[PDB]
Amino acid sequence: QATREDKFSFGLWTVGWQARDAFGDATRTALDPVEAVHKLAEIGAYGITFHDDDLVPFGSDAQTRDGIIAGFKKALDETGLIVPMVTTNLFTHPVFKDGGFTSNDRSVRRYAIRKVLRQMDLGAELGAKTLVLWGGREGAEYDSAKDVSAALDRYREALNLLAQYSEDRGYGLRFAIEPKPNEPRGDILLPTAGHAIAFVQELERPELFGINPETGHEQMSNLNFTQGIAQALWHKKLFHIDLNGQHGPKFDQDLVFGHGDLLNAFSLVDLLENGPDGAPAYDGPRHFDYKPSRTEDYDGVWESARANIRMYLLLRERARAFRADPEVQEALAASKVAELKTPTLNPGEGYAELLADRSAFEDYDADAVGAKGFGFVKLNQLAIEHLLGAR
Amino acid sequence: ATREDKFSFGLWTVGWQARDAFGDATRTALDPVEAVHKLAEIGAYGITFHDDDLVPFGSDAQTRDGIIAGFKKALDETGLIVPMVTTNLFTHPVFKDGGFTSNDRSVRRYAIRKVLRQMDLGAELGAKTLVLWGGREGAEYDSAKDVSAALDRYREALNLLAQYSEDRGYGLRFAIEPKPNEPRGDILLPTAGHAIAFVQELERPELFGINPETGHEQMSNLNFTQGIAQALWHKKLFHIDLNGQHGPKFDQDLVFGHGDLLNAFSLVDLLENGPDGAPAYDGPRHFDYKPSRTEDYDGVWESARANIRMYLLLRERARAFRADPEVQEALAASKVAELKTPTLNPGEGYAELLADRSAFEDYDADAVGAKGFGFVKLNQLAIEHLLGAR
Amino acid sequence: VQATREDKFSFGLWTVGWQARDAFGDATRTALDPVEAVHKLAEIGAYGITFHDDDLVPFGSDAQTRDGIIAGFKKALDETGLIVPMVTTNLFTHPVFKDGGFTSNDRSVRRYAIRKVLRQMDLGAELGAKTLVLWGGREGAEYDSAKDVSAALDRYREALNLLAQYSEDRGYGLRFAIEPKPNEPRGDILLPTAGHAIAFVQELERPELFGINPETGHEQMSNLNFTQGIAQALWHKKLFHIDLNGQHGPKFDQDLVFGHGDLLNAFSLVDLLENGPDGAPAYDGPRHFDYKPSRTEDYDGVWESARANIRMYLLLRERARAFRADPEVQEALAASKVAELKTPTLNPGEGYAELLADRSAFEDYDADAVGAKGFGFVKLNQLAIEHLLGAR
Amino acid sequence: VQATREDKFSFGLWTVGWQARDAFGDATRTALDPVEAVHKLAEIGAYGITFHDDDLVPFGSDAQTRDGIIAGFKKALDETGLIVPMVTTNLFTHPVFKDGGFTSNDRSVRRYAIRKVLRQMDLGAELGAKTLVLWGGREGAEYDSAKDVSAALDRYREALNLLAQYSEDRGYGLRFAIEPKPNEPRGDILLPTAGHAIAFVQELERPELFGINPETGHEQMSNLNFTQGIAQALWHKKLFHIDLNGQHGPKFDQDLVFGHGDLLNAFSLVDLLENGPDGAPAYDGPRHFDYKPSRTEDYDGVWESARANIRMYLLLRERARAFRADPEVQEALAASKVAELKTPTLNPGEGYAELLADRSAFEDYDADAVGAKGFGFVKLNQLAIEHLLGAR
Ligand SMILES: OC[C@@H](O)[C@@H](O)[C@H](O)[C@@H](O)CO
Ligand SMILES: OC[C@@H](O)[C@@H](O)[C@H](O)[C@@H](O)CO
Ligand SMILES: OC[C@@H](O)[C@@H](O)[C@H](O)[C@@H](O)CO
Ligand SMILES: OC[C@@H](O)[C@@H](O)[C@H](O)[C@@H](O)CO
Ligand SMILES: [Co+2]
Ligand SMILES: [Co+2]
Ligand SMILES: [Co+2]
Ligand SMILES: [Co+2]
Ligand SMILES: [Co+2]
Ligand SMILES: [Co+2]
Ligand SMILES: [Co+2]
Ligand SMILES: [Co+2]
């Protein structure tokens, strides 16, 4: 059973996806935001997220806009759901065909910023703490079409303005850049968790910026999602996370969390939950950015919403048991996993004492050490037996 | 090829005996003095090497000393320099779980000593860059390696190297070399971005950059030219390894331009049709490739020349591309240069932007969305330049 | 250069007609009028046009309308001299085909799918098409337990056997080309590569009537060597048609202009198709472009991209011929022993008994001396590329 | 659980015997004695051992040496009761094979390759092996112009026809299994996927004697669905043998323990093999592990890893069994209409004429209403994973 302390959130665009893919028409009718709010509260979610255009149809008058916001607000009210994050749609409308913030067309860039400032206003009114930015159209199909250097300057220029505004209006938002390697552009700028973290480090107020990595995004490049998250945590830039499934380098599948690379889903939950001193290593929302398969109807939709929560709770339970097992604890010792936490250098030791240590080189028996095994297969087999519920 | 082109090769490239994961070596060992002489002849301006490529692992000092002296004499006679040096922290069994990040504390200590030793030699030969390729840093299984602790230990080791270099006045720059996998299932710092992000966290970051390799980024299906552009933006492109690859599969290390030719073209354009008229990058054009296993030493020398030849041919077409009036017109129609103009007018902030009805309230997005960028046409002129069709 | 009708460049109506609605955004271009399409293509040099039933006649058109459209379309063909070399059927767009056409778990959908194809065969026969292309875009699954692959192959076969029967009985004279694709839109599509599709075809009742229609980008989506797969297809005599386009390895289907993805492989492919045995092309069917003008483009970009497909093919053709005609290349081919592979391993009349008696093939063979000689493959590759760059 | 001889788990001598010399480093383990390997495998529950000629008998051993080795080997087999179900030949290590064995551009290498194999068939037939596996690891190219594929397929076929001839004439009763691989060690390998190999086998003189030996990670190196290709191999009845291991998508060949790569695909694979044609195994040959103990391990890790392969197979078999015996899973299958795919699309005796006559198949078909019904695939996939997780 899911509790509000689990912090499961879903985007309105997930359960609301009508299943219009690149090769066919929608197979499901539109979902009413209010209904979405009641259904999600009912399956155990603690919050909902949305793109401006998901809640208010692009081009709605203020009267309409205002009315929609009012009803949405009531729904949250009655159900107790919160809005931990909001985002802006800078990919759908034809105007953004070459990007929002990095469109070659200057007028588009000015417009994309305005669209976002507005969404920032709504987010602050609803109490959202994080603004996620997915630059889906920032990038190119052809190398000569985009000056990457100029693009990074313009991406930077726009973000610095957004931080200025938030800080000045006192919104207290955190900004999370979401990396993606491709799709819809041939290549997207800031293709991985690594490129997004390096870019953020160059902004004016870098402490307000982090990343929102997505499981399938990193897997589209055949990268290890867990190892990437571990790196993000080391830098302290994991501001939010999108969970879903994918089967390697192919179109973005957005399957239910754990329905793609199951072994990596397990090590991920282990990383987020079996944090230092019992406690999770991560504290924000556990947000599912997935899509109910095109072959399903609304029954299938609610089922898939529950499957995400279910997968996460079953994995947590097995990650917990894994760590708690004295036999795993013995295998961990033999493989020396914790020995990596001991500094390489003795306290106060520098280059000169190290050069003076004959045991670190001149008298070191590399051949003898090179022959001892690490016992890694065995430790790995123990983990899978826990995942399989065989231990 | 001029010394000014700065083409360099690793001793281990032309010297690769072609022993692969599935077969025996098909070529005999290449003598280092010989390699220096042959590389000087093909137009290389410099040579690089791992410690163990030059001095066999475990050579006594007399031997080691002898080899260096001969090596230095060959350098002397041909006029070749040593722009970069590196350390083999991957071959010997002791490094099976990594050098700086091995779970075993004693291997970590030995790894640092092995590198300090190589720094002294590099300093001695005049090398300016120390490249570090952490090929054994990573894992096959997620529960076997604590990534957070591994980054601490990677960081602890690099801080010490810089300390030493700086106290001794060596003036070295450090370039981390990213690779997603092979030999490990997953290697730490898998892409150029992960490596740049990491370097920003060291104690003397100004001393650290990256050494991206064409093929390593392509093993993940990333755009090499686009990652180099970001590296240049951060000013962390300290060195570059050029070669060819055909997408995600084992590391092929083909001659530069024999893998993704279109990306090879846009890369030379980026590196050479720099800022002014000038190159955007001024370091060595280093070829980290392998002569195919099917070749003998005639093939080896041919493959070395092919690297230089691909670069010069692409350079020539990149220049011609940029000088074409038809290309200038296509660039003008695709608004490439408009991206260089700030989004905001000088002195404009969020308050002035919010006051501009034309940036939103009266913005005709429908009308803007209907005009084409003409990117296909621009792409077509680039390719025609590549094929010498214009 | 200039395209002639003998080059046989053809384009799908859905190619230049793609409005650019992708998985993440709305259409950026208005609808293309088919008569206009016929006219525009004639002008850029195409010798034929192809289409899906639903590209020409809107799904759910009354008989009157349908007839109306066809007759206008036939006039334009008439007027311009374009032919219809191939026709295909859309079994992927309408929601009813969400689990497939021919292999839908739902039996009623399979029956409907067959009927929809029968109808296109008739229109096809009437327009003079020689090939029926079948792209089973929704045949596959997202989850392994959801599709019995064996049963699906039975049903796939069952539907194809019937179409062959019909065509033969009506005297249509069609050939059928199955088009493989590894994924998108299904997580996994059945008959994922050219290989799997050829193996399948061999199991049909009148296999001589079935071949494949491989697409450059589909094979590359799995990182396979397109040229090598087409060489195998030709070896089997199953290349009934070909879809040309570009792709940048394993990622979503990009459908770029031919030669705008893997340029080196586009070169070797043109070389294989044209620098066939007896000087002549190894393949004589349509050179069909199944690509999409980028979403960033307007109608000018659209006609520009259509012409680019042709320009790319012709520029590569020209370099492939220069390559083969170069004496230095001839010398490199000889040192690489490329043609020695065409001489049989055994001397005429030799069998295992005579091979076993040859001490020189084993007992006295010096593997070590043979293993030391290089094949000169790098030099040969370098010469190919210099020809491609127009540097020679 | 415990492995029985009835489980038919086999290992190649080269698996537990891999010294861990990779492309970037020296071996981390000392050589394993073949007799010791027989004893150790017998002890963990294997029923058979397989080997390449060069794994048992060092390349170039004189006849007395070779004979002594074989004799000691046979004694160990005798004493442990292990059998030799398949043998193979190394046509990839020696420098002479740098451009392939059967398809080297060099004619003399092709003659030597055939003799190396014939000699191995003799030893196999004497040890009682029933299958000869052929992995053409060096057949291919790094550059397109270096290899004529058509000529290569002719030479490949030429060699294989001779081998069938010899076997049939000697009464060896061997079956031949070609093992596909997309790349590594060559940039591109001929017959890259199970599909390509099946299509090729179909062109031999005696196709009934030929099938495939597909490997889990080889198909995953192309990001293909292994279970789905296995399903197709079974449909063609060409699954002669199988190599089980683990891989993480497109990268170098990892050869991890079976189930340590794509766990979900491993699960549906065991479901297909054991519960295939309903309840009964769809495959009865060896369950062969072609894996490598990680380079980080010592001999204790090697035996642990050999045991992990068997454990993984048995755990998944148990979960696959429970999955199918679950009345809720059955109900989901019914709802998803999985079995309805097994019912012919056409009625008994119905032809195109009758089909064309059925208005319910088209004229009166409500596509729109059918298109709106959900298949319930997500729910079915969730039950499958809950079985795998032991949560049900
Ligand atoms: O591939 C789509 C991407 O994952 C998207 O769903 C974002 O997360 C959203 O635009 C911001 O939350
Ligand atoms: O994949 C091998 C790697 O690219 C290596 O050759 C490095 O470049 C070298 O160890 C540092 O220069
Ligand atoms: O990926 C889509 C596929 O390539 C399609 O365009 C087909 O070729 C058509 O359905 C049959 O011609
Ligand atoms: O990748 C190596 C290949 O998988 C090999 O192990 C073959 O199976 C063997 O040579 C035939 O048995
Ligand atoms: Co996504
Ligand atoms: Co997301
Ligand atoms: Co490399
Ligand atoms: Co390198
Ligand atoms: Co396509
Ligand atoms: Co196509
Ligand atoms: Co293998
Ligand atoms: Co194998």
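Numbers below:
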| item | result |
| --- | --- |
| Top-ranked residue in the stretch B:313-358 [being within 30 Å of the chain's Cα centre (by Cα) and of a type in the set (G, A, S); ranked as farthest from B:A44 (Cα to Cα)] | B:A337 |
| Boolean, C:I69 is surrounded by fewer than 21 Cβ atoms within 10 Å (Cβ to Cβ) and within 24 Å of the chain's Cα centre (by Cα) | no |
| Whichever residue in the stretch B:166-182 is within 19 Å of B:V115 (Cβ to Cβ) and in a loop (DSSP other than H, G, I, E, B) and, among such residues, is nearest to ligand 11 (Cβ to nearest atom) | B:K179 |
| Criterion (within 15 Å of the chain's Cα centre (by Cα), aliphatic (A, V, I, L, M), more than 16 Å from ligand 6 (Cβ to nearest atom) and part of a loop (DSSP other than H, G, I, E, B)) met by exactly one of B:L222, B:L232 | B:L222 |
| All helices (runs of 4 or more DSSP H) inside the stretch D:277-392 with 1 or more residues being within 14 Å of chain A (Cβ to nearest Cβ) and touching a helix residue (DSSP H, G or I) at 6+ places or on another chain (Cβ under 6 Å) | D:299-324, D:327-336, D:367-371, D:377-388 |
| Candidate set from the stretch D:73-100 (those that are more than 9 Å from every other protein chain (Cβ to nearest Cβ) and assigned to a helix (DSSP H, G or I)); member that is nearest to ligand 2 (Cβ to nearest atom) | D:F73 |
| Count of residues meeting criterion [in contact with a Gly (Cβ under 6 Å, 6 or more places away or on another chain) and either farther than 30 Å from A:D261 by Cα or part of a strand (DSSP E or B) (or both)] in the stretch C:142-182 | 1 |
| The listed residue being β-branched (V, I, T), farther than 19 Å from A:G100 by Cα, buried (at least 24 other Cβ atoms within 10 Å of the Cβ) and within 23 Å of the chain's Cα centre (by Cα), out of A:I177, A:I197, A:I188 | A:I197 |
| Odd one out for B:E201, checked against (1) at the interface with chain A (Cβ under 8 Å from one of its Cβ atoms); (2) assigned to a loop (DSSP other than H, G, I, E, B); (3) closer than 25 Å to D:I189 by Cβ | (3) |
| Any hit, the stretch A:128-136, residues being at the interface with chain B (Cβ under 10 Å from one of its Cβ atoms), of a type in the set (G, A, S) and either within 16 Å of ligand 3 (Cβ to nearest atom) or touching a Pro at 6+ places or on another chain (Cβ under 7 Å) (or both) | no |
| Filter result for the condition that a residue is within 16 Å of ligand 7 (Cβ to nearest atom) and surrounded by fewer than 24 Cβ atoms within 10 Å (Cβ to Cβ), over B:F256, B:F250 | B:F250 |
| Residue that is farthest from ligand 12 (Cβ to nearest atom), among those in the stretch D:213-237 that are closer than 18 Å to D:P281 by Cα and either of a type in the set (D, E) or more than 7 Å from every other protein chain (Cβ to nearest Cβ) (or both) | D:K237 |
| Members of the stretch A:287-324 found to be at the interface with chain D (Cβ under 8 Å from one of its Cβ atoms), of a type outside the set (V, I, T) and not in a helix (DSSP H, G or I), listed by number | A:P292, A:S293, A:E296, A:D297 |
| Looking only at the stretch C:13-37, and only at residues there that are surrounded by fewer than 23 Cβ atoms within 10 Å (Cβ to Cβ) and closer than 17 Å to C:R287 by Cα, the one that is nearest to ligand 10 (Cβ to nearest atom) | C:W14 |
| Qualifying residues in the stretch D:186-202 (those that are at the interface with another protein chain (Cβ under 7 Å from one of its Cβ atoms) and more than 16 Å from ligand 7 (Cβ to nearest atom)) - the one surrounded by the fewest Cβ atoms within 10 Å (Cβ to Cβ) | D:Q202 |
| Residues (buried (at least 23 other Cβ atoms within 10 Å of the Cβ) and under 18 Å from the mean Cα position of the chain (by Cα)) located in the stretch B:294-312 | B:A304, B:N307, B:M310, B:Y311 |
| Positions within the stretch C:15-55 being under 24 Å from the mean Cα position of the chain (by Cα), closer than 17 Å to C:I70 by Cβ, among the hydrophobic types (A, V, I, L, M, F, W, C) and not in a loop (DSSP other than H, G, I, E, B), in sequence order | C:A37, C:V38, C:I49 |
| Residue in the stretch B:243-262 that is within 7 Å of another protein chain (Cβ to nearest Cβ), in contact (Cβ under 8 Å) with a residue 40 or more places away in the chain, within 16 Å of ligand 4 (Cβ to nearest atom) and outside any helix (DSSP H, G or I) present | yes |
| Entirely in the stretch B:8-94, the helices (runs of 4 or more DSSP H) that have 3 or more residues that are free of Cβ contacts under 8 Å to residues at least 24 places away in the same chain and of a type outside the set (S, T, N, Q) | B:61-78 |
| Filtered residue count, the stretch B:95-107, keeping only those that are assigned to a helix (DSSP H, G or I) and either surrounded by fewer than 21 Cβ atoms within 10 Å (Cβ to Cβ) or over 25 Å from the mean Cα position of the chain (by Cα) (or both) | 3 |
| Residue among C:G249, C:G171, C:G211, C:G217 that alone is closer than 30 Å to C:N105 by Cβ, free of Cβ contacts under 8 Å to residues at least 40 places away in the same chain and in contact with a helix residue (DSSP H, G or I) (Cβ under 9 Å, 6 or more places away or on another chain) | C:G211 |
| Any pair with Cβ under 6 angstrom, 6 or more apart, that starts in the stretch C:81-103 at a residue that is over 16 Å from C:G140 (Cβ atoms) and touching a residue at least 12 places away in the same chain (Cβ under 8 Å) and ends at one that is within 16 Å of ligand 9 (Cβ to nearest atom) and β-branched (V, I, T) | C:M86/C:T50; C:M86/C:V133; C:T88/C:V133 |
| Lone qualifier among B:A367, B:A330 - being surrounded by fewer than 18 Cβ atoms within 10 Å (Cβ to Cβ) and either at the interface with another protein chain (Cβ under 7 Å from one of its Cβ atoms) or part of a helix (DSSP H, G or I) (or both) | B:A367 |
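Every residue, every condition in (1) acidic (D, E); (2) farther than 30 Å from C:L91 by Cβ; (3) in contact with a helix residue (DSSP H, G or I) (Cβ under 7 Å, 6 or more places away or on another chain), yes or no:
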| position | (1), (2), (3) |
| --- | --- |
| A:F8 | no, yes, yes |
| A:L12 | no, yes, yes |
| A:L31 | no, no, yes |
| A:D54 | yes, yes, yes |
| A:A75 | no, yes, yes |
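Residue by residue, here is whether (1) away from ligand 5 (no atom under 16 Å from the Cβ); (2) in contact (Cβ under 8 Å) with a residue 24 or more places away in the chain holds:
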| position | (1), (2) |
| --- | --- |
| A:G170 | yes, no |
| A:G186 | yes, yes |
| A:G216 | no, yes |
| A:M220 | no, yes |
| A:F225 | no, yes |
| A:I229 | no, yes |
| A:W234 | yes, no |
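Bear in mind these aren't lab numbers, they're just calculated from the coordinates by the rules spelled out. Neighbour counts run over all protein chains shown; Cβ positions are idealised from the backbone, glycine included.
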